[PDB]
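Close look at the chain arrangement
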Amino acid sequence: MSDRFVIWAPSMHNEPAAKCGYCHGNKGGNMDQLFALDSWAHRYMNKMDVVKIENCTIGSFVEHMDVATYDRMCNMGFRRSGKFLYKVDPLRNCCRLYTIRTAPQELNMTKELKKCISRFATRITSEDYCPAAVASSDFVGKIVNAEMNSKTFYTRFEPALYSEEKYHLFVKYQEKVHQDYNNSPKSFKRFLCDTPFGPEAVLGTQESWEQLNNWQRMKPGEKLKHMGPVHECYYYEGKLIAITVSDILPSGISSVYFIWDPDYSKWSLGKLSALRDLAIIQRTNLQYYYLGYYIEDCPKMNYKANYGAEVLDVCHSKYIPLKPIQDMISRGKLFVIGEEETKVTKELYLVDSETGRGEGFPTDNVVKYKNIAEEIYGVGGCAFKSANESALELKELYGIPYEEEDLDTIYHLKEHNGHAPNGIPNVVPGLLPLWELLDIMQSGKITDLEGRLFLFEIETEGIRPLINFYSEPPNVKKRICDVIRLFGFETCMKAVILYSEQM
Ligand SMILES: [Zn+2]
């Protein structure tokens, strides 16, 4: 094997809203922004006391997964945290969450960038050097020219292995900026050293490292050979000032975290790191730059939109610029693009093929897109009923343990305090719709999986293939269906299921 998708069975984990990483379960007097649609807000005004607002998370733990498949899932809407690959339910969560991607060519120009670049260039180079005539707009040229003629500043690229000065800088930054005191080396290794990717991507070849370090000197027309995650360190007079942790994807570069020395707040290393990453993308032959998830309301995450980008649309797998949909996404409410040509009688047919899974979509600029979120996911939304008869049909015929629920389980009440909800709700945006799944079953498309799908039993401590779909126990069928719903038929085509009833 070289690229088998080996993970655990996805499960729905719920935690109280106070543990929210951005709102902490509160946003002030704007109770509407806690919800996703105003209709549910008006519905639950009477039930504000018994509303069990949580921080919805869906995901699973990964053991081994290829970098290209990671790119596919990152374009789908997932980014991993440590070794935990997950994404939130857009509808039932507490805070909104989208993925943004940026191109190096479409950067805007502001006075702050000019000032910071000028200060950095003045600092690193010698005072006797005369600056060239290259315009400040060409930031890549400015950065390269500044780095060519400096002796006190240099950066290096190394794998993600553990060290001691890195941990010292990490704890210094923690206790100085976030007042986190219980940091431990094991916690640091878990946070920034666990790697689902294989060792080949982790350690790489020395020639690849040489090319990555010589990135300022690569002529266009060559291919960047290295793949996987890397760490970038910013030396200055022989001592560390910052650490950049990121990864190299075939379609771009993503960012996860950043640590800098507290005493060097003068240089404002965050913006400099972002600009240097953009310069790396431009000088290299990569094309995009995934900044992470995007949250609108939260003031801590708003800075990511300064560079300008396009926020992902979960229900269509398309990328659209933020400018046309600014009013649509204002105040943090879920949206789905739509046109007057097509009605909303049934759910959106998510094309479960390569043409519609984590790849770009050239939109029709003639039509004026309009919000249809309240049409398909509103009080009179047709999703709930269709889900109901679909679940009834699957349970009646194929025996999959699907069950029906009343048209109010969008936000469960205090009754779920007795039993923690572990199942994936039927009504969830950006997922495979139930009726399409029923079409897959009834058309015999499920007959493709058998012969090359692998199911691992912890009880037997062995790996077994899928021979007959219908002969499996009902729980196995439920888990397989959930995986196919969450990640896709093509993804499950070349995956390995670590299924166990021991848990
Ligand atoms: Zn929240």
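Below, the structure is looked at part by part.

Calculation rules
Positions along each chain are numbered from 1 by the written sequence. They may not match the entry numbering, and residues without coordinates are not shown. The basis for the side-chain values is all heavy atoms of the structure; hydrogens and waters are excluded. Helix and strand definitions follow DSSP, with helices as H or I runs of at least four residues and strands as E runs of at least two, each counted in order from the N terminus. Two things to know: the radius of gyration comes from C-alpha atoms, and the globule rule equals 2.2 Å times the number of residues to the power 0.38. Each residue's exposure class comes from its accessible area (1.4 Å probe, protein chains only) as a fraction of the maximum for that residue type: buried when under 20%, exposed when over 50%, partly exposed otherwise. Any pair of residues with heavy atoms lying within 4.5 Å of one another is described as a contacting pair. Accessible surface area values rest on a Shrake-Rupley calculation with a 1.4 Å probe, where residue burial reflects the displayed protein chains alone. Sodium, potassium and calcium take a 3.2 Å donor cutoff, other metals 2.8 Å, and in both cases only N, O and S atoms count; water is not among them, so sites may look incomplete. Put simply, two rings from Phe, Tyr or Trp (the six-membered ring, in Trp's case) pair if the centres are within 6.5 Å, and we call them stacked under 30 degrees between planes, edge-to-face over 60, tilted for the rest. Within this document, salt bridges are pairs made up of a side-chain nitrogen of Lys or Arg and a carboxyl oxygen of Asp or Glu, the two lying within 4 Å of each other. Under this definition, polar contacts are N or O atom pairs within 3.5 Å; protein pairs additionally need one hydrogen-donor-capable and one acceptor-capable atom, and for neighbouring residues in sequence, both atoms have to be side-chain atoms. Throughout, nonpolar core names a set of buried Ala, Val, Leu, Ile, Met, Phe, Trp, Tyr and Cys residues whose side chains join them through atoms within 4.5 Å. Only strands that DSSP links by at least two bridges are regarded as paired with each other. Expected span, for any helix, means 1.5 Å times one less than how many residues it has.

1. What about the overall build of the chain?
Each helix and strand counted, the chain has 16 helices and 18 strands in total. Taken over the C-alpha trace, the chain has a radius of gyration of 25 Å; the compact-globule value for 503 residues is 23 Å, and the two agree within 12%. If one aligns the C-alpha atoms of the chain with their principal axes, the spans along those axes are about 80 × 55 × 50 Å. The buried share among the 503 residues of the chain stands at 49%. A separation of at least 24 residues holds for 72% of the contacts in the chain among residues at least 6 apart in sequence. Of the accessible surface of the chain, which amounts to about 25500 Å², a share of 55% is contributed by carbon and sulfur atoms.

2. Looking at the coordination of the zinc ion
Looking at the zinc ion, one finds its protein donor set to be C20 (SG), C23 (SG), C94 (SG) and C95 (SG), positioned 2.3 Å from the metal centre. Each donor residue of the zinc ion belongs to the same chain, and together they define the spacing C-x2-C-x70-C-C. You can see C20 sitting in the loop between β2 (11-13) and α1 (31-34) and its partner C94 sitting in the loop between β5 (84-87) and β6 (98-102), a full 74 residues away along the chain. Neither residue differs from the other here; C20 and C94 are each classed as buried.

3. Here we look at the packing of aromatic side chains
Tallied over the full model, the rule gives 20 aromatic pairs. Centre to centre, the rings of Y234 and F258 are 6.5 Å apart; their planes meet at 65°, and the pair counts as edge-to-face. With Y234 in strand β8 (residues 228-236) and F258 in strand β10 (residues 252-260), the pair connects residues that are 24 residues apart, well separated along the chain. You'll find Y234 and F258 in the same group, each marked buried.

4. Comments concerning the pattern of salt bridges
Scanning the entire structure with this criterion turns up 15 salt bridges. Taking the shortest distance from any N to any O, the salt bridge between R43 and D408 comes out at 3.0 Å. Within this pair, whereas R43 is found in helix α2 (residues 38-44), its partner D408 is found in the loop between α13 (383-397) and α14 (434-442), the two being separated by 365 residues in sequence. Residue classification places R43 among the partly exposed residues on the basis of a relative accessible area of 45%. Judged by its relative accessible area of 28%, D408 is partly exposed. Salt-bridge contacts for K115 lead to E112; the nearest nitrogen and oxygen are separated by 3.7 Å. Placement of both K115 and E112 in helix α4 (residues 111-124) is noted, with a separation of 3 residues, approximately one turn of the helix. Judged by relative accessible area, which is 38%, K115 ranks as partly exposed. Note on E112: relative accessible area 36%, which makes it partly exposed. A cluster of three or more residues bridged by salt bridges with shared partners is formed by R156, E158 and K166.

5. Points about the side chain of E232
With respect to the helices and strands, the residue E232 is situated in strand β8. Classification of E232 as buried rests on a relative accessible area of 2%. Within the local environment of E232, its side chain forms a polar contact with the side chain of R276, the two groups lying 2.4 Å apart. Contact partners of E232, with chain neighbours within four places excluded, come to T155, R156, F157, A242, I243, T244, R276, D277 and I280.

6. Side note on the nonpolar core
The biggest cluster of nonpolar side chains holds 43 residues, and the ones touching the most others in it are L37, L91 and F335. Residue assignment for this core shows that the elements contributing at least two residues are β6, α5 (139-148), α9 (206-213), α10 (269-283), β11 (289-294), α12 (373-377) and α13. For this core, the element with the most residues is α10, which contributes 5 residues. Those residues in contact with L37 that lie beyond four places of it in its chain are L91, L334, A373 and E374. Counting residues in hydrophobic clusters, the runner-up holds 25 residues, among them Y402, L437, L449 and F489.

7. Considerations on the pairing of strand β16 (residues 454-457)
Burial along β16 is one-sided: the residues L455 and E457 are buried and none of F454 and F456 is. As paired strands, β16 and strand β17 (residues 462-465) are joined by 4 bridges and run antiparallel to one another. Across the sheet, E457 pairs through a bridge with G462, a residue of β17. Taken together, β16 and the strand that follows it, β17, pair antiparallel across an intervening segment of 4 residues, in which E461 is found at a positive phi of about 55°.

8. Some thoughts on the side chain of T284
By the element assignment, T284 lies in the loop between α10 and β11. Here the side chain of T284 touches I281 through a polar contact of 2.9 Å, landing on its backbone oxygen.

9. Details of helix α6 (residues 164-178)
An ideal rise of 1.5 Å per residue puts 21 Å on 15 residues; α6 measures up with 20 Å between its terminal C-alpha atoms. Regarding α6, the residues found buried are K166, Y167, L169, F170, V171, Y173 and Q174. Contact partners of the buried residues in α6: β7 (153-158), α7 (185-192), β8, β9 (239-249) and β10. In the stretch just after α6, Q179 is the one whose phi turns positive, near 55°.

10. Remarks on the environment of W435
Here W435 shows up in helix α14. Aside from chain neighbours lying at most four places away, what touches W435 is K346, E347, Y349 and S390.

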